[PDB]
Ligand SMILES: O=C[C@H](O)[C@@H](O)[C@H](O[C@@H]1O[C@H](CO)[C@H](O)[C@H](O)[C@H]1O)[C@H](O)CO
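Before any questions on binding or motion, here is one chain by itself as structure tokens, the form solved without the ligand.
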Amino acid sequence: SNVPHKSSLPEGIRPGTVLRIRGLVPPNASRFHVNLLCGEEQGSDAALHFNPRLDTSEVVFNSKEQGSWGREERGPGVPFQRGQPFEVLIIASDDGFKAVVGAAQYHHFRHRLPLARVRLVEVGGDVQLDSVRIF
């Protein structure tokens, strides 16, 4: 019960910015998502779409440009489980986003959109959020 979450970044983010998301996957959770959007308007571009799927045991990465999604990327397995807490670090570098789950590097999302367009992070879905901090 702290979702949807919205953390506006009007000054944007750059290589070095760390997104720290902690929360709990509720018992009957299906899926939740973390989005890095380029605007507050609905249907805006998504520099990143981190999508853990508990029902299909997958973590999907994708982008959305001009109301059209790109090709989906998938990470190795699902480092999320129903009934367990998690910590996610989404780290912006010069050449992409590094996704860290549970003290280990999980997947490197190659940069598709210009990083300077990111203006907002949003977390939604079947997740009970503890904290969303941007360093």
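The numbering used is simple: start at 1 and walk along the sequence shown.
- Of the two segments examined, 34-42 and 48-56, it is 34-42 that shows the higher average Cα temperature factor in the deposited entry.
- Compared with the other modelled residues of the chain, the Cα B-factor recorded for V118 ranks in the middle third.
- Among the modelled residues of the chain, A29 sits in the middle third by CA temperature factor in this PDB entry.
- In the deposited entry, the Cα temperature factor of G23 sits in the bottom third of values across the chain's modelled residues.
- Ranked within its chain, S93 lands in the highest third, by CA B factor from the PDB record.
- Per the PDB record, residue ranking by Cα B-factor puts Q66 in the highest third of the chain.
What follows is about the form solved in complex with the ligand, which we do not show.
- In the entry with it bound, at least one heavy atom of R53 sits within 4.5 Å of the ligand.
- Taking the partner from the other structure, the ligand in the entry with it bound has no heavy atom within 4.5 Å of any heavy atom of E40.
- Residue contact check for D95: none of its heavy atoms lie within 4.5 Å of the ligand in the entry with it bound.
- Not displayed here, the ligand is kept clear of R82 by more than 4.5 Å at the level of heavy atoms in the entry with it bound.
- Along 69-91, residues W69, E72, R74 each place a heavy atom within 4.5 Å of the ligand in the entry with it bound.
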